[PDB]
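Q: Whatever this is, show me its structure:
(one chain, ligands or ions: 2)
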Amino acid sequence: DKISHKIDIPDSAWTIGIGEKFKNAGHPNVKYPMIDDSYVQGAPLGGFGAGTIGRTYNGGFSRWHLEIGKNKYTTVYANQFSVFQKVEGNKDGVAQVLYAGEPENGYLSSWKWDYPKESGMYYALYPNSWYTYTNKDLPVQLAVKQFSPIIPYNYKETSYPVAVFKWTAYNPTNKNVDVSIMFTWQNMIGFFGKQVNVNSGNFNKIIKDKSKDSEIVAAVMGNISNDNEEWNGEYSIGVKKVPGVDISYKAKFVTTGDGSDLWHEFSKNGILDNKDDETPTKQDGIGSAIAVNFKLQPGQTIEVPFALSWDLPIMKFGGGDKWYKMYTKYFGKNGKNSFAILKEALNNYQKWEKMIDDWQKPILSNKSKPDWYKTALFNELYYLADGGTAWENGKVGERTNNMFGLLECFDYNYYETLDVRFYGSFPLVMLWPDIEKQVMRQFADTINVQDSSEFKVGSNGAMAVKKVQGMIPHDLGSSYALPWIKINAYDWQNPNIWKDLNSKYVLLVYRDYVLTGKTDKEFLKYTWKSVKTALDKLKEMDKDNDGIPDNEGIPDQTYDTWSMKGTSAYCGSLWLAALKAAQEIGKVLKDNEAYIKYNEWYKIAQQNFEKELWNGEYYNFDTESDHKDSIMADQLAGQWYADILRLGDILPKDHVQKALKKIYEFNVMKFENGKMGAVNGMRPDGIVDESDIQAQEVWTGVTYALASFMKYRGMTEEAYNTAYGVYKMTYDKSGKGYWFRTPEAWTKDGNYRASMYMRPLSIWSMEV
Ligand SMILES: O=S1(=O)O[C@@H]2[C@H](CO)[C@@H](O)[C@H](O)[C@@H](O)[C@@H]2O1
Ligand SMILES: [Ca+2]
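A: Residues are numbered from 1 along each chain as shown. Ligands and ions are numbered 1, 2, ... in the order given. Provided below are the atomic coordinates:
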């Protein structure tokens, strides 16, 4: 490998061999059907709300999130980079698709598949990823850096449906070598959303832009229709000319054929026919190809950028609503703007690389932090773009704001699940705070919505009211229904009786004020009525008059199957913290009566929480369950947020420290030797709590949250040891193969529940 000298991959990048077979992979541990797309994954391409495309470490464009809210795992085999090389003095060259695999649909048999093992590496430090190609039969070594411009505090380029592929080629040999690099792409108009005639009317065009020092050649893959539907728009691929390369292209090859129309050209001399052909297709699938050819002398390096864009301006949800995607603010809504997006990328990618470096540098340069932590911190961020992210720029057919939503996950297809976002929204408040405040305003606006229509609760078959006035919703809808319009899509349980949602809501509001500098009084004023309503409504659920809402021994908080009854450490502590936050907001907004009342409620509740739950070593799980003395990893969730919010001690420092040390000693170190995170419940005899499946699970996002709480309490070693098990399981050779699909949970056997999950974004709470 002579090429990793010529590029700049950070040591904290996650790495795997191209074509590597992973032997330990985990699978779902539930009986019901659940997504398992395998370990062949990579860092995604695409901005927020753009739809994303997962290109895997084997090279294939395989995890398709272009239909907003959906996960479709299928490799589109035509979509590839290929190489040709010919050593000066040899009669023939060699051509090779850079894909460690071969088609499963019978097509493109003429292409040279099966990129060999042990001949290159994949690296990822989101939003960047790289491939290196170090192959005994390719004398010129190649690398590519691929990315989308995902940039904190930037709401423009971060939205773009674009990717850049910056190639580097180096000749370590003593002979001249002819080299070509070819990007192929299928005209994917009709891949989803089109109910009949999926290819019909698709056509490809070639654009040559000859600006001084900025020559671009691109293919635009569109459809003859001007219909404004989710399916219609354009793809584009292209390249920018650099000194010493030439460009060639082929506008139309058939993807539902053997591929030789293209490949016989490429395999001869690495030069395409430059044949333009705008004829629309009927049934056949079609594609385009853009190539560069160059001669490298001994010792020579050259760099050349390609790009990909997708202008699919409309997202449709299953309940019928159609919305424009965010990037249309910058490029237009008519679906005929792929070239403009591509051109912007090819002309500005160096500036985008610097912007990414500038944001990653403070962390990367901090030599106190281990590399593994950096690997996880950056790579968990994949989910912000990959989680079905919806970011609207108007309803189709007809505002100041752009509504936003991130899915909980794909298996549980709910936008912004609040009990989860309490953990998973750290990166948004830290890095894209304007989006975070918009989401919270969305929740504020729902507080007094009432929908008295009844739904059947999935778990027990009881009927319940959809939305109760004064109760925060579980979620802002489903991609299968109507995001932002119809809330509480979740029906497996009744969230109107949950005991955590209203307290978490208030905590999130105050967090969002504190972590953006304690200056945004207008945000506190917008949300204040909803905060007061939320706490007042939750107070009504205190049936024994101890000042604390009572868990009911039935599904009533985020651990939906783990029954809490009476006062719980979890809900009780969140309540205490939410009261303290609201007192503070009352002081800021000069609402005396609120300050007065929430202080009184706090003092009573604090005294009783401590009396009811403090056992001398830790806080009991609850007051009334058979499992009341379980040690819960999340028992002091409210004090964790109180630390972040700078609200001081809700519980005594000594008792918090004892409890955290107990959780480390038990839930971490007695669970598979502390190598897999914090199990949720452990009995005081050191045996995992078997009262419910959730007690026997590690929750990745709970464990990262626990690690930040330990860190803030000076338990540095325990904090990183605790987090390390989650990193190991996710990313390491000894783990279970969950990279770019971190799950909610795993059991002690390492098998998982709910891949591609929002909660582990809580790792960013370790950077507070
Ligand atoms: O009912 S679920 O399967 O439970 C999931 C998690 C627990 O893993 C809950 O916290 C969340 O509120 C639910 O929307 C999910 O659907
Ligand atoms: Ca009570």
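
Q: What are the boundaries of the helices in the stretch 201-350 of the chain?
A: Along the stretch 201-350 of the chain, counting by DSSP state H, counting those that start in this stretch, helices occupy 260-269, 328-331, 338-364.

Q: Report the next helix or strand after the longest one in sequence order.
A: Toward the C-terminus, helix 338-364 is succeeded by helix 371-379 as the next helix or strand (DSSP states H and E).

Q: residues in contact with that following helix?
A: Helix 371-379 has contacts (Cβ atoms under 8 Å, 6 or more residues apart in numbering) with 10-14, 43, 124-126, 360, 363-364, 720, 723-724, 726-727, 730-731, 739-740, 763-764, 766-767. Every residue, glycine included, has its C-beta placed from N, CA and C.

Q: Which of these fall in strands?
A: Using DSSP state E, the subset of those located in strands is 14, 124, 125.

Q: Just grab the bridge partners of the last one for me.
A: To tie it back to what came earlier, the one meant is residue 125. residue 128 (DSSP bridges).

Q: cool, and the first one?
A: With DSSP bridges as the criterion, residue 14 is bridged to residue 124.

Q: ok, now which ones touch it?
A: Per Cβ under 8 Å, 6+ apart, neighbours of residue 14: 123, 124, 125, 375, 379, 731, 739.

Q: any chance of those in CSV, with neighbour count and distance to ligand 2 too?
A: Shown next, in CSV, are the contacts of residue 14 (neighbours: other Cβ atoms under 10 Å; distance: Cβ to the ion, whole Å):
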residue, neighbour count, distance to ligand 2
123, 23, 53
124, 26, 48
125, 25, 48
375, 24, 44
379, 25, 42
731, 23, 43
739, 22, 44
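
Q: separation between the residue lying closest to residue 581 once chain neighbours are set aside and residue 577?
A: Of all residues not flanking residue 581 in the chain, residue 510 sits nearest, at 3.8 Å (Cβ to Cβ, 6 or more residues apart in numbering). Separation of residue 510 from residue 577 (Cβ to Cβ, to the nearest Å): 9 Å.

Q: Ok, residue 766 next?
A: With Cβ to Cβ as the criterion, residue 766 and residue 577 are 19 Å apart.

Q: same thing with residue 96?
A: From residue 96 to residue 577 the distance is 58 Å (Cβ to Cβ).

Q: near ligand 1, which residues of the stretch 451-600 of the chain?
A: 490, 492, 558, 560 (Cβ under 6 Å from any ligand atom).

Q: Isn't the third one up against residue 420?
A: Think residue 558. Yes. Counting by Cβ atoms under 8 Å, residue 558 does reach residue 420; the two are 6.9 Å apart.

Q: re earlier: in JSON lines, list the ones in strands among the contacts of helix 371-379 along with distance to ligand 1.
A: JSON lines is the format used below for these (distance: Cβ to the nearest ligand atom, whole Å):
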{"residue": "14", "distance to ligand 1": "25"}
{"residue": "124", "distance to ligand 1": "26"}
{"residue": "125", "distance to ligand 1": "28"}
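
Q: can you tell me which of those lies nearest to residue 65?
A: residue 124 (16.8 Å; Cβ to Cβ).

Q: Identify the residues contacting that closest one.
A: 13, 14, 15, 42, 43, 130, 379, 739, 740.

Q: Just name the closest of the residues you listed to ligand 2, please.
A: residue 379 (42.1 Å; Cβ to the ion).
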